[PDB]
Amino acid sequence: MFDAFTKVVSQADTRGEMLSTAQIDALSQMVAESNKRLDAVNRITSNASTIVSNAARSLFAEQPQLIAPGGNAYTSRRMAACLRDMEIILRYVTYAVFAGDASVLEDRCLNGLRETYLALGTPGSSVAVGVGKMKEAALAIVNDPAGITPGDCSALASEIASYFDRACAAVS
């Protein structure tokens, strides 16, 4: 896994070079926006249960065949496993936001996940719908101007959304 810093380091080591002034300045820039990054992490994390449950409930209401007897989310064990997958993907997404690099999400969560569902018979497209719902709720929470120092988090929001999209693409 790489974080924003070691990501650029590894690329520089492949070239056997020391970071350039520009590369370092680009990093100083992210360091200056780090407070916003940590708020995004805390806000999503602090509302994890809500994001998962509302997204799941919305998914099932939207796709009744998922919970109907015989559906993939039918029976308590499978319902729990599905809720668990939602939370897992969300957990790894916050990791990416914290580290400022998608690697952790890609390497430990997304990689091989599509194959797992194919085998199990779990509808990947339905998982993406669920993930997409968590994304929207997660962004609204991060973007909420209440109880926080006013400022711009558009770029960060854009970054956050990209991690969610990876997760969606990874299972579709």
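Residue numbers here begin at 1 and follow the sequence given.
Stretch comparison (133-141 versus 113-121) by mean CA B-factor in the PDB entry places 113-121 on top. Annotation for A56: C-alpha temperature factor in the lowest third relative to the rest of the modelled chain, per the entry. When the modelled residues of the chain are ordered by their C-alpha B factor, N47 lands in the lowest third. For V41, the recorded CA temperature factor ranks within the lowest third of the chain's modelled residues. In the deposited entry, the Cα temperature factor of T21 sits in the top third of values across the chain's modelled residues. Remark: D152 belongs to the highest third of its chain, ranked by C-alpha B-factor as recorded.
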